[PDB]
Structures are given as C-alpha cells and as structure tokens.
Amino acid sequence: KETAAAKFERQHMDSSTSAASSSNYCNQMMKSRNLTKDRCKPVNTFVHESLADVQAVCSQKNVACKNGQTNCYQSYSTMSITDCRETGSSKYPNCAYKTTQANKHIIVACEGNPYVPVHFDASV
C-alpha cells in the first residue's frame, strides 16, 4: 500500500515548475496524480519547491494540526504553491478546477523515519 510519504508526494509535490503557467494546470495535474479517479477531489494544493525544501519544513515552526495533533510544521519561508479548487459546476467524471498561483507558507504534518510530510494541513 502506498506510503503516506509517497501519497503526499503524489498529491502535493510538483517540483517541475516555479509556478502554474496555464489556467488548466489543475485540470491536468488533478488528473495525472489520480485525484479525479473515482470522484473529483474538491480541493488540493501543489507545492512548487524542491522535495528537500519541503521535507525541511519538518524541522521548522512546530504548530498544532487542524486535528489537534502537534506534529505539524509551518514553513518559515513562503513557497510557490498552486491551489486547485473544483468549480461550482464541475461534475465527475469531467472534473473542472480553478487554478490560483500564490506564494504562501505551508503547514504539513510530519511523521516517520525519515521524518517527512505525510499530510498537507493548510497554507497561510
């Protein structure tokens, strides 16, 4: 079964670009990472930094997770991210998203050895 670390990379890492270039990045990315498989995942964030830089967040600003656990961490730096949010009219299986590029701090839950992100909690 996919490791939570690998699932995080599939769902949230896109170290290719520095940003979202096109307005259907999300339509394309949400497909190619298997997030429009069975249903349209409504909301999802892609991080446009190195994996190393994202993993390093696990040694940055410790914060509570939304679920009240205390193994979350806020990136000290803003990061290039793309917020994908399904449109109001989107209907599976033709999943449609707005793409919003932004530079924000990320909050991730970290776990395991190596101690890496297993969950994307928020961006701030």
Side-chain angles (χ1 to χ4, degrees):
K1 231 175 294 271
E2 169 178 51
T3 71
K7 181 175 180 167
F8 177 90
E9 298 185 13
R10 177 175 52 84
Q11 297 196 110
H12 300 295
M13 288 302 298
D14 183 52
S15 307
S16 281
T17 57
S18 71
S21 303
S22 40
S23 57
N24 89 316
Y25 168 97
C26 287
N27 294 326
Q28 306 214 123
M29 286 294 294
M30 295 295 287
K31 189 211 178 188
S32 90
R33 306 296 187 93
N34 293 351
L35 307 177
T36 68
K37 264 253 187 170
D38 306 337
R39 65 177 207 304
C40 316
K41 180 169 194 216
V43 175
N44 191 66
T45 299
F46 292 106
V47 183
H48 302 295
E49 303 294 339
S50 69
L51 182 57
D53 278 0
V54 172
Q55 290 178 159
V57 176
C58 301
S59 60
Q60 297 176 22
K61 179 193 291 216
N62 182 225
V63 295
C65 300
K66 277 157 184 191
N67 69 7
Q69 296 174 202
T70 59
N71 61 314
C72 275
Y73 298 84
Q74 198 174 289
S75 69
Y76 296 148
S77 307
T78 67
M79 299 188 172
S80 173
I81 76 167
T82 304
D83 294 317
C84 303
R85 181 175 290 253
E86 175 179 36
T87 68
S89 48
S90 169
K91 299 284 191 148
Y92 179 88
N94 296 89
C95 303
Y97 290 94
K98 299 299 181 176
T99 304
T100 304
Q101 172 59 220
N103 294 249
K104 288 134 66 77
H105 313 258
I106 65 167
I107 305 172
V108 293
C110 300
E111 200 179 5
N113 192 33
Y115 190 65
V116 297
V118 288
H119 159 88
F120 188 93
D121 202 59
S123 69
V124 289

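Position 1 is the first residue of the sequence, and the numbers go up from there.
- Grouping the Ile, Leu, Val, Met, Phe, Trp and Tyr side chains by contacts below 4.5 angstrom, directly or via other members, places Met79 with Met13.
- Annotation: side chain of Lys41 is in contact with side chain of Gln11 (closest heavy-atom distance under 4.5 Å).
- Residue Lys98 places its NZ atom among 12 or fewer non-hydrogen atoms of other residues, nucleotides or ligands, all under 6.0 Å distant.
- Closest heavy-atom contact between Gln74 and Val124: CD-CG2, 3.8 Å.
- Using modelled atom types, one finds a donor on one side chain and an acceptor on the other under 3.5 Å when comparing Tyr25 with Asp14.
- Pairing each heavy atom of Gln60 with each of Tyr76, the nearest pair is OE1-N, 2.8 Å.
- Counting all heavy atoms, side chain and backbone alike, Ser15 lies closest to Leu51 at OG-N, 3.8 Å.
- Ring planes of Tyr73 and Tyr115: perpendicular class, angle over 60° (limits at 30 and 60°).
- For the pair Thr82/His48, a side-chain contact is recorded, criterion being any heavy-atom separation below 4.5 Å from C-beta on.
- Residues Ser90 and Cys95 come closest through the heavy atom pair OG-CA, 3.5 Å.
- Taking CE of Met30 as the start and CG of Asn24 as the end, the distance is 13.0 Å to the nearest 0.5 Å.
- Nearest heavy atoms, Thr99 versus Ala20: CG2-CB, 3.6 Å.
- Using a 4.5 Å cut-off between side-chain heavy atoms of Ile, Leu, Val, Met, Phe, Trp and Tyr, with links allowed through other members, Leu35 and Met29 fall into the same hydrophobic cluster.
- Side-chain contact check for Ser75 versus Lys104: every heavy-atom pair is 4.5 Å or farther apart.
- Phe8 and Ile81 fall within the same hydrophobic cluster, where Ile, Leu, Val, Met, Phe, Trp and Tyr residues are linked whenever their side-chain heavy atoms come under 4.5 Å apart, directly or through other members.
- Sulfur-to-sulfur, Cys84 and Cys26 sit under 2.5 Å apart at their SG atoms.
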Practice problem: Report the C-alpha distance between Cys110 and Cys72 in whole Å, list the side-chain angles of each, state the deciding distance to 0.1 Å, and finish with yes or no for disulfide bond (SG atoms under 2.5 Å apart). | Solution: CA-CA 6 Å; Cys110 300; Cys72 275; over 6 Å; no
